[PDB]
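Cβ sites come from the backbone with ideal geometry, for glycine too, and all protein chains shown count toward neighbours. Here, each number is a calculation from the coordinates, and none is a lab measurement.
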Amino acid sequence: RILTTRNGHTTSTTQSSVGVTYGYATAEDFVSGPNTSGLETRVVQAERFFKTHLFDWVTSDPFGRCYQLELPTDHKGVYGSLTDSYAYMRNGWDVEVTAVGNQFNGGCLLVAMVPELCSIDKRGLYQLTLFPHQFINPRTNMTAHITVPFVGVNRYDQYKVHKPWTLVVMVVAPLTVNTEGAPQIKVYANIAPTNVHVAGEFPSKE
Amino acid sequence: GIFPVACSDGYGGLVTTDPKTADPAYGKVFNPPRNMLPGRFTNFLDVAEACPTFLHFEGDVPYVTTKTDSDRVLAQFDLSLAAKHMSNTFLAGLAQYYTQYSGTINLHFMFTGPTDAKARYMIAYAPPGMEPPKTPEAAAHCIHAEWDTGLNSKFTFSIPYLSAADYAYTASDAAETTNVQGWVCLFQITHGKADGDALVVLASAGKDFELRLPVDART
Amino acid sequence: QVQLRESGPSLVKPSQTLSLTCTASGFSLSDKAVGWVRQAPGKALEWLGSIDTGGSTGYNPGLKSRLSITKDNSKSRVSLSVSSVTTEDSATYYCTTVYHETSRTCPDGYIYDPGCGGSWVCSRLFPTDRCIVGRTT
Amino acid sequence: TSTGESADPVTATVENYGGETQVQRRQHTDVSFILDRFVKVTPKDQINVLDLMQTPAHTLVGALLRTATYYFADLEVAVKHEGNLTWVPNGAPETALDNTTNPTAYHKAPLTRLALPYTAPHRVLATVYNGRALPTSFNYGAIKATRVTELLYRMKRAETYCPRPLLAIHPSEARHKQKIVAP
Amino acid sequence: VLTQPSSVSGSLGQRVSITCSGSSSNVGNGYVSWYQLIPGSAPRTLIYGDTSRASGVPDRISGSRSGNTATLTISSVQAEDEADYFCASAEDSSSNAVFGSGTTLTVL
Amino acid sequence: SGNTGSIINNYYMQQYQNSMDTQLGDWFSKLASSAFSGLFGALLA
């Protein structure tokens, strides 16, 4: 079950992927809208992976210890600059958390891409499942690969004021390194925009 | 048996905007012939769209006297229809009573002066989210145009409408620190012997400007 | 043989303030804490303030909210504050060295297992089940 | 069954072992048909801003509406009020509730039932917004009256676009013993 | 605070002991030190390492510890030893120092 | 469509009764319908 994704020029290869999990849609639609006068352009040299170290899944991590990332997260390079120069930006995400285990570690780690995470009380975690999600228990695999479209109350969005997606990685069953586990399993995230768009170029600063 | 109706409850109150029509009290009136009168406009977004009107400025006048010594910015104002610069135009006058405008706003800058003035201006629409520019070289990265003034006087820059919401409000006034719709800046990049000669700016509606949701505050 | 001294008057008038001093000199005068001692006659001694080379001090909530202690460098002095004095506090004041330490230790049947991270650090030996002990201190 | 651990919508049917699963009927859950009920909202004295979030978090509507990140409703408010009742569209400034040129139903013995359109300048409103208090722009207007004592929203033509967790009351002793009606 | 007998006495040339009864939190798990304290002048450290004696300290002052109990044995007491004796210790429940009662030695 | 059962062509025109809709240019039902049912391994007896 090899799954060699690619976005732009930055592939990712994983030899244990359980499969891609499209959340809420198979393909984003209708970028060209009336709330811009057609002045939108589609940036294409900015759809590339970028790693973000998430957290240290350490064995003493009870149920429901979740680490929320606000997407889009602070970025640098070709992207990060697009946000720095465009009043309105729009993009659907592709998120690939690659926690790596020694296939002797037991826990059921649940990765979800929730829209507009504001507050989840300790109980809401039990139903957090109804969200584009994938479990990454080390025994069956390591790689969770969610892809989501752009959800929002607007065609386009202002990234400084609003972050639409919260990447939530909740520890469902704590890590038991019973005989030969990794002592502490780190968790990274290959996150990558898709179907980027921009509008309304900001003035210079210099 | 009489037809039963069971007149329901909570209905039939006088609603000032209801679609119902009143009950006739007088009949057979035959008003005199109103046909083929000279000037008839069906909806006010024809007057606003085909007849431009002036814009108020820092100095009370419609024009903007060219700056001379070092500063190239002539006018810079928020795009909301409540702006002091646009408060006197028929467009804002009509947009008091509506809530959400959508489409476009044209700005007709006609340069009035001596033939040898030969000035060169620039208008740029700085979207919201960053302090608006204060120098043409810093504003050039925006949706901006430039135009000489040789023979034709009027130049109509169609200010775009790009925003997240498919409709933006017509009222500037609330607790806001910064403009929501974005500044519009008008720079005079360079000028010849036209120093002291006015630029008469006008406003209008666009080929797709639309308002909706009528509401009357005490104007 | 550190030659220490507590300085001040033998008595303090109630409704008025008292201050003290603590000299310490010698080769070893700076390698350990400079604490204070008083004696309640017929009762347990009240643990007063302390200090270390960097102004680091250890107090008990018994009299902490009424002791304030500063250090003087040139003569190696340290001062005590008895705030809201009383006739019962009349007693023989002293400045001493004091010792306090805490060893995070491990469980009886588990090894330190330093490589394993997090709160759970100790690990089984014969069973070989690692990272299962939240080691007591 | 014994499938894999990805997000696969595999629901084990009764047919796996001996048996038969048939005729599932799902009327009474269709988002259009459960949402269309009048929900009571604690009104303000004289001026309240219609926003379907003002509903409580434990009514059949106020809790089946917060299970949807984006909702498109069209609301049919029904008010009980002492004087003329003026409804200004959203982003209709204050001091526009006093002018009777806005939809202003006169006093009636029964509660006045208006049928307000959905005026917000947005594709779909939201229930949570990543910015405790949603933006000022998610409304349907405001009801200005001398006194308001009962205010019930109704969501006509509802369509909700994302799910989100509901939470039932958490009991003890493994059973939430209620007192069901019984003669 | 620890418990010591606040009245102890001894004659010239005899060996006097100063006792201190502690608990599992301060003596049974932590160190204990002893000192000799004259009025108007601060002590000199006397007994550390739970059995050892610092340089300069005459070996006539010796220490010991067993369980929650600690002692200060002063062999051959002389007129200069007429002073106050105090105990030190480290406790965990208070997360900070806890001390004895203090013993005035009256040389008869 | 939902919780309206009066079988009579509504009196007020559609534009005045509801907010008309405009188009441009149903996923959870698809998800639940495309749900792996039955079994995953050879079945016996």
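For region A:76-98, which residues satisfy the criterion of being under 13 Å from the mean Cα position of the chain (by Cα) and outside any strand (DSSP E or B)?
Within region A:76-98, the subset under 13 Å from the mean Cα position of the chain (by Cα) is A:91-98.
Within region A:76-98, A:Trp93, A:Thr98 meet the criteria.
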Condition set within 22 Å of the chain's Cα centre (by Cα) and under 18 Å from D:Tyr140 (Cβ atoms), scope region F:1-24, selection surrounded by the fewest Cβ atoms within 10 Å (Cβ to Cβ): answer is F:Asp21
Being aliphatic (A, V, I, L, M) and out of contact with any strand residue (DSSP E or B) (no Cβ under 6 Å at 6 or more places or on another chain) is the filter here, so list the residues in region E:31-48 that pass it. E:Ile38
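Would you pick out the residues in region F:35-45 that are exposed (fewer than 10 other Cβ atoms within 10 Å of the Cβ) and either closer than 30 Å to B:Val15 by Cβ or within 9 Å of chain D (Cβ to nearest Cβ) (or both)? Let's see the steps before the verdict.
Of all residues in region F:35-45, those exposed (fewer than 10 other Cβ atoms within 10 Å of the Cβ) come to F:41-45.
Result: F:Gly41, F:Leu43.
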Answer residue from region E:80-107, given it is within 7 Å of another protein chain (Cβ to nearest Cβ) and under 11 Å from the mean Cα position of the chain (by Cα) and is farthest from C:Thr102 (Cα to Cα) among those: E:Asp84
Name the single residue that is nearest to B:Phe57 (Cα to Cα) among those in region B:161-202 being more than 14 Å from chain D (Cβ to nearest Cβ) and among the acidic types (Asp, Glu). B:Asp197
Select the strands (runs of 3 or more DSSP E) contained entirely in region B:130-219, then report the ones holding at least 1 residues which are in contact with a helix residue (DSSP H, G or I) (Cβ under 6 Å, 6 or more places away or on another chain) and under 14 Å from B:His108 (Cβ atoms). B:199-205
Can you tell me which residue is nearest to D:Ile34 (Cα to Cα) among those in region F:1-16 that are at the interface with another protein chain (Cβ under 7 Å from one of its Cβ atoms) and polar (S, T, N, Q)? F:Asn3
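Among the candidates A:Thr52, A:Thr13, which residue alone is more than 18 Å from A:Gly200 (Cα to Cα) and surrounded by 12 or more Cβ atoms within 10 Å (Cβ to Cβ)?
Of the residues listed, the single one that is more than 18 Å from A:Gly200 (Cα to Cα) and surrounded by 12 or more Cβ atoms within 10 Å (Cβ to Cβ) is A:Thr52.
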Suppose the filter is polar (S, T, N, Q) and buried (at least 17 other Cβ atoms within 10 Å of the Cβ); does E:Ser89 pass it? yes
Just give me the residues in region B:52-78 being among the acidic types (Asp, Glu) and surrounded by fewer than 18 Cβ atoms within 10 Å (Cβ to Cβ), in sequence order. B:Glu58, B:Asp60, B:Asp69, B:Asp71
Can you tell me which of A:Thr73, A:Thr36 is assigned to a loop (DSSP other than H, G, I, E, B), away from chain C (no Cβ under 14 Å), hydroxyl-bearing (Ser, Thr, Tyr) and within 19 Å of the chain's Cα centre (by Cα)? A:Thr73
Quick one: is C:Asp72 surrounded by fewer than 18 Cβ atoms within 10 Å (Cβ to Cβ), among the charged types (D, E, K, R) and within 14 Å of chain A (Cβ to nearest Cβ)? no
For a quick check of your reading of the model, give me the residue pairs whose first member lies in region D:42-66 and is acidic (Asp, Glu), whose second is in a loop (DSSP other than H, G, I, E, B), with beta-carbon atoms closer than 6 Å and at least 6 apart or on different chains. D:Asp51/D:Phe138; D:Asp51/D:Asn139
In region D:145-168, anything more than 13 Å from the chain's Cα centre (by Cα), hydrophobic (A, V, I, L, M, F, W, C), buried (at least 19 other Cβ atoms within 10 Å of the Cβ) and within 10 Å of another protein chain (Cβ to nearest Cβ) is listed as D:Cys162
Please report, ordered by residue number, the strands (runs of 3 or more DSSP E) entirely within region D:67-134 with at least 3 residues that are over 27 Å from B:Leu211 (Cβ atoms) and touching a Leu at 6+ places or on another chain (Cβ under 7 Å). D:78-81
Looking at region D:116-144, which of the residues that are within 10 Å of chain B (Cβ to nearest Cβ) and under 20 Å from F:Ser19 (Cβ atoms) is surrounded by the most Cβ atoms within 10 Å (Cβ to Cβ)? D:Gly141
Consider region A:96-108. How many of its residues are out of contact with any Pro (no Cβ under 8 Å at 6 or more places or on another chain) and within 14 Å of chain D (Cβ to nearest Cβ)? 3
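With respect to D:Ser6, is the statement that it is of a type in the set (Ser, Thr, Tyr), surrounded by 11 or more Cβ atoms within 10 Å (Cβ to Cβ), within 11 Å of chain F (Cβ to nearest Cβ) and more than 18 Å from F:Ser37 (Cβ to Cβ) true?
no
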Hey, among B:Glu137, B:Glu146, which residue is acidic (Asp, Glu) and at the interface with chain A (Cβ under 9 Å from one of its Cβ atoms)? B:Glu137
Pull out all pairs, ordered by first then second residue, where Cβ-Cβ is under 6 Å, the residues are six or more apart or on different chains, the first lies in region F:1-24 and is at positive phi, and the second is aromatic (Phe, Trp, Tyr) and surrounded by 10 or more Cβ atoms within 10 Å (Cβ to Cβ). F:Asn3/D:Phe33
